[PDB]
Amino acid sequence: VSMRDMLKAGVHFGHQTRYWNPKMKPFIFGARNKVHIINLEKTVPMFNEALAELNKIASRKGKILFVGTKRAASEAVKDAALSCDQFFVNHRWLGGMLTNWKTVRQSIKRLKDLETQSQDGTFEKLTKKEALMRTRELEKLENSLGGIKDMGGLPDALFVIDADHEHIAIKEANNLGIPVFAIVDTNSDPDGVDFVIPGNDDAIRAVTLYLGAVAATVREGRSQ
RNA sequence: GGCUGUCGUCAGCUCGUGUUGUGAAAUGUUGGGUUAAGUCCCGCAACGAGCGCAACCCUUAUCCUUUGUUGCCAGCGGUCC
Ligand SMILES: [Mg+2]
Ligand SMILES: [Mg+2]
Ligand SMILES: [Mg+2]
Ligand SMILES: [Mg+2]
Ligand SMILES: [Mg+2]
Ligand SMILES: [Mg+2]
């Protein structure tokens with residue numbers, strides 16, 4: 001990544017001054033038009049070091065998970081995870097995914113069974129009434145947990161967009177002792193994150209830049 | 001002990017794991033619609049399950065296949081009708 005490359009993507013833009021958490025005063029360069037500006041000169045090295053640690057942990061062959069739930073970036077996180085060979089969650093995070101995994105395993109199994117029934121030639125003996133509810137259940141289950149259908153255990157690293165919106169996941173990770181790699185805007189609390197990446201978290205361009213950089217770095221980490 | 005009345009055939013009553021609180025406890029079971037119904041859908045720190053509601057049981061209302069006695073008489077013949 002480069003300062004020139006990411007300055008054109010509008011990363012430095014933050015939120016309104018009325019909303020800034022004081023927990024990240026150092027990360028703010030200044031203000032303009034009553035809107036904060038994020039400092040590039042420090043967000044570059046921390047991002048690079050996070051990427052280094054990330055592909056280092058990837059080379060150990062460790063599964064990782066991408067949390068991004070805004071309706072404007074579900075497609076981007078899905079694309080990164082798919083062309084990453086790694087996993088994702090792109091809808092409402094069901095509380096207790098990590099800390100209550102021994103229960104969500106059952107829903108994973110049910111989704112697998114129902115997918116086999118659907119794409120195995122079974123949804124024709126049903127009397128056009130319960131087949132529809134089976135399809136409805138399929139759609140709900142895949143939209144809620146389709147990106148984690150093959151954990152086979154807890155992950156190792158958990159990557160989050162907009163740490164503030166995803167406090168449940170960060171708390172899950174802190175409870176279970178799993179490192180967190182998150183992007184925080186000028187209104188979040190970075191205490192639960194041990195690898196803080198300052199910057200915007202809602203603009204599509206910045207989100208795409210983050211996801212592309214992470215997907216690349218982890219591909220070269222896996223190829224190692 | 002067993003059996004029965006009653007609230008009341010009212011729509012409610014709970015549990016496992018997770019989270020919150022020093023604790024008694026809370027959540028789920030709250031919210032928007034909807035229903036005869038905690039009935040269903042959408043949201044959601046909750047994710048699921050059990051007993052209840054509904055369906056499976058008996059009867060009544062239409063049609064068809066089979067058998068025609070002690071039951072029936074449309075078309076035939078006779079008749080004390
Ligand atoms: Mg406690
Ligand atoms: Mg509450
Ligand atoms: Mg209650
Ligand atoms: Mg309660
Ligand atoms: Mg409701
Ligand atoms: Mg029910």
# chains A, B, ... in the order shown; residues from 1 in each chain; ligands from 1
call {"tool": "residues_near_ligand", "arguments": {"ligand": "ligand 6", "cutoff": "12 Å", "atoms": "only C-alpha atoms (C1' of nucleotides) and all ligand atoms", "output": "ChimeraX atom specification"}}
result
/B:11-12,29,37-40,49-54
call {"tool": "write_last_selection", "arguments": {"atoms": "N, CA, C and O atoms (P, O5', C5', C4', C3', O3' and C1' of nucleotides)", "output": "PDB file, in the first residue's frame"}}
result
ATOM      1  P     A B  11     -57.406 -17.465  24.268  1.00  0.00           P
ATOM      2  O5'   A B  11     -55.868 -17.695  24.595  1.00  0.00           O
ATOM      3  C5'   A B  11     -55.137 -16.788  25.414  1.00  0.00           C
ATOM      4  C4'   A B  11     -53.750 -17.306  25.696  1.00  0.00           C
ATOM      5  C3'   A B  11     -52.836 -17.399  24.477  1.00  0.00           C
ATOM      6  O3'   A B  11     -51.470 -17.245  24.869  1.00  0.00           O
ATOM      7  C1'   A B  11     -53.183 -19.552  25.358  1.00  0.00           C
ATOM      8  P     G B  12     -50.918 -15.855  25.448  1.00  0.00           P
ATOM      9  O5'   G B  12     -51.015 -16.046  27.025  1.00  0.00           O
ATOM     10  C5'   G B  12     -49.902 -16.496  27.779  1.00  0.00           C
ATOM     11  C4'   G B  12     -50.207 -17.781  28.503  1.00  0.00           C
ATOM     12  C3'   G B  12     -49.043 -18.418  29.247  1.00  0.00           C
ATOM     13  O3'   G B  12     -48.870 -17.876  30.543  1.00  0.00           O
ATOM     14  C1'   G B  12     -50.111 -20.048  27.915  1.00  0.00           C
ATOM     15  P     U B  29     -38.517 -15.882  21.485  1.00  0.00           P
ATOM     16  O5'   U B  29     -39.476 -14.972  22.367  1.00  0.00           O
ATOM     17  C5'   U B  29     -40.892 -15.052  22.233  1.00  0.00           C
ATOM     18  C4'   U B  29     -41.606 -14.610  23.488  1.00  0.00           C
ATOM     19  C3'   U B  29     -41.018 -13.388  24.182  1.00  0.00           C
ATOM     20  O3'   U B  29     -42.063 -12.701  24.866  1.00  0.00           O
ATOM     21  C1'   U B  29     -40.905 -15.236  25.633  1.00  0.00           C
ATOM     22  P     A B  37     -56.522 -14.856  18.188  1.00  0.00           P
ATOM     23  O5'   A B  37     -55.491 -15.998  18.584  1.00  0.00           O
ATOM     24  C5'   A B  37     -55.413 -16.480  19.918  1.00  0.00           C
ATOM     25  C4'   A B  37     -54.584 -17.737  20.007  1.00  0.00           C
ATOM     26  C3'   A B  37     -53.144 -17.633  19.525  1.00  0.00           C
ATOM     27  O3'   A B  37     -52.267 -17.087  20.500  1.00  0.00           O
ATOM     28  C1'   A B  37     -54.154 -19.561  18.600  1.00  0.00           C
ATOM     29  P     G B  38     -51.683 -15.602  20.334  1.00  0.00           P
ATOM     30  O5'   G B  38     -50.148 -15.811  19.975  1.00  0.00           O
ATOM     31  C5'   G B  38     -49.148 -15.968  20.978  1.00  0.00           C
ATOM     32  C4'   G B  38     -48.136 -17.015  20.575  1.00  0.00           C
ATOM     33  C3'   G B  38     -48.606 -18.460  20.734  1.00  0.00           C
ATOM     34  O3'   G B  38     -48.082 -19.260  19.675  1.00  0.00           O
ATOM     35  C1'   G B  38     -46.627 -18.143  21.960  1.00  0.00           C
ATOM     36  P     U B  39     -48.848 -20.598  19.229  1.00  0.00           P
ATOM     37  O5'   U B  39     -49.378 -20.272  17.765  1.00  0.00           O
ATOM     38  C5'   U B  39     -49.894 -21.299  16.934  1.00  0.00           C
ATOM     39  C4'   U B  39     -50.060 -20.831  15.515  1.00  0.00           C
ATOM     40  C3'   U B  39     -48.815 -20.295  14.838  1.00  0.00           C
ATOM     41  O3'   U B  39     -47.971 -21.319  14.349  1.00  0.00           O
ATOM     42  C1'   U B  39     -50.619 -18.833  14.436  1.00  0.00           C
ATOM     43  P     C B  40     -46.390 -21.074  14.252  1.00  0.00           P
ATOM     44  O5'   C B  40     -46.231 -20.066  13.034  1.00  0.00           O
ATOM     45  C5'   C B  40     -46.510 -20.483  11.710  1.00  0.00           C
ATOM     46  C4'   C B  40     -46.535 -19.318  10.757  1.00  0.00           C
ATOM     47  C3'   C B  40     -45.272 -18.481  10.684  1.00  0.00           C
ATOM     48  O3'   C B  40     -44.262 -19.063   9.884  1.00  0.00           O
ATOM     49  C1'   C B  40     -47.140 -17.058  10.844  1.00  0.00           C
ATOM     50  P     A B  49     -35.279 -26.664  16.980  1.00  0.00           P
ATOM     51  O5'   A B  49     -35.546 -27.282  18.424  1.00  0.00           O
ATOM     52  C5'   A B  49     -34.966 -28.521  18.798  1.00  0.00           C
ATOM     53  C4'   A B  49     -35.215 -28.858  20.248  1.00  0.00           C
ATOM     54  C3'   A B  49     -36.656 -29.082  20.660  1.00  0.00           C
ATOM     55  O3'   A B  49     -37.169 -30.342  20.277  1.00  0.00           O
ATOM     56  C1'   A B  49     -35.601 -27.729  22.259  1.00  0.00           C
ATOM     57  P     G B  50     -38.741 -30.506  20.008  1.00  0.00           P
ATOM     58  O5'   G B  50     -39.370 -30.627  21.462  1.00  0.00           O
ATOM     59  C5'   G B  50     -38.987 -31.676  22.334  1.00  0.00           C
ATOM     60  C4'   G B  50     -39.576 -31.509  23.711  1.00  0.00           C
ATOM     61  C3'   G B  50     -41.082 -31.381  23.792  1.00  0.00           C
ATOM     62  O3'   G B  50     -41.764 -32.613  23.646  1.00  0.00           O
ATOM     63  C1'   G B  50     -40.085 -29.777  25.197  1.00  0.00           C
ATOM     64  P     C B  51     -43.204 -32.646  22.941  1.00  0.00           P
ATOM     65  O5'   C B  51     -44.174 -32.063  24.049  1.00  0.00           O
ATOM     66  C5'   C B  51     -44.241 -32.667  25.326  1.00  0.00           C
ATOM     67  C4'   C B  51     -45.052 -31.842  26.288  1.00  0.00           C
ATOM     68  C3'   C B  51     -46.431 -31.430  25.819  1.00  0.00           C
ATOM     69  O3'   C B  51     -47.379 -32.476  25.911  1.00  0.00           O
ATOM     70  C1'   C B  51     -45.359 -29.590  26.831  1.00  0.00           C
ATOM     71  P     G B  52     -48.637 -32.509  24.919  1.00  0.00           P
ATOM     72  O5'   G B  52     -49.490 -31.242  25.353  1.00  0.00           O
ATOM     73  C5'   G B  52     -49.934 -30.300  24.393  1.00  0.00           C
ATOM     74  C4'   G B  52     -50.346 -29.007  25.042  1.00  0.00           C
ATOM     75  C3'   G B  52     -51.235 -28.108  24.207  1.00  0.00           C
ATOM     76  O3'   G B  52     -52.593 -28.499  24.179  1.00  0.00           O
ATOM     77  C1'   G B  52     -49.481 -26.830  25.046  1.00  0.00           C
ATOM     78  P     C B  53     -53.371 -28.514  22.778  1.00  0.00           P
ATOM     79  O5'   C B  53     -53.086 -27.076  22.166  1.00  0.00           O
ATOM     80  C5'   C B  53     -54.033 -26.030  22.286  1.00  0.00           C
ATOM     81  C4'   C B  53     -53.992 -25.115  21.092  1.00  0.00           C
ATOM     82  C3'   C B  53     -54.357 -25.743  19.757  1.00  0.00           C
ATOM     83  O3'   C B  53     -55.755 -25.814  19.553  1.00  0.00           O
ATOM     84  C1'   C B  53     -52.369 -24.498  19.522  1.00  0.00           C
ATOM     85  P     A B  54     -56.402 -27.034  18.743  1.00  0.00           P
ATOM     86  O5'   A B  54     -55.709 -26.955  17.316  1.00  0.00           O
ATOM     87  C5'   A B  54     -56.157 -26.046  16.324  1.00  0.00           C
ATOM     88  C4'   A B  54     -55.319 -26.156  15.078  1.00  0.00           C
ATOM     89  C3'   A B  54     -55.350 -27.506  14.377  1.00  0.00           C
ATOM     90  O3'   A B  54     -56.453 -27.630  13.495  1.00  0.00           O
ATOM     91  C1'   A B  54     -53.110 -26.823  14.669  1.00  0.00           C
TER      92        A B  54
END
call {"tool": "interface_residues", "arguments": {"of": "chain A", "to": "chain B", "cutoff": "10 Å", "atoms": "only C-alpha atoms (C1' of nucleotides)", "output": "PyMOL selection string"}}
result
chain A and resi 92-104+106-107+168+172
call {"tool": "closest_atom_pairs", "arguments": {"of": "chain B", "to": "ligand 5", "cutoff": "8 Å", "atoms": "only C-alpha atoms (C1' of nucleotides) and all ligand atoms", "output": "CSV"}}
result
residue,atom,partner,partner_atom_place_in_ligand_line,distance
B:31,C1',ligand 5,1 (Mg),6.7
B:32,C1',ligand 5,1 (Mg),7.3
B:33,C1',ligand 5,1 (Mg),7.9
call {"tool": "atom_distance", "arguments": {"atom1": "atom CA of residue 199 of chain A", "atom2": "atom CA of residue 31 of chain A"}}
result
14.5 Å
call {"tool": "atom_distance", "arguments": {"atom1": "atom CA of residue 67 of chain A", "atom2": "atom CA of residue 43 of chain A"}}
result
20.6 Å
call {"tool": "residues_near_ligand", "arguments": {"ligand": "ligand 1", "cutoff": "12 Å", "atoms": "only C-alpha atoms (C1' of nucleotides) and all ligand atoms", "output": "JSON, numbers by chain"}}
result
{"B": [18, 19, 20, 21, 22, 23, 25]}
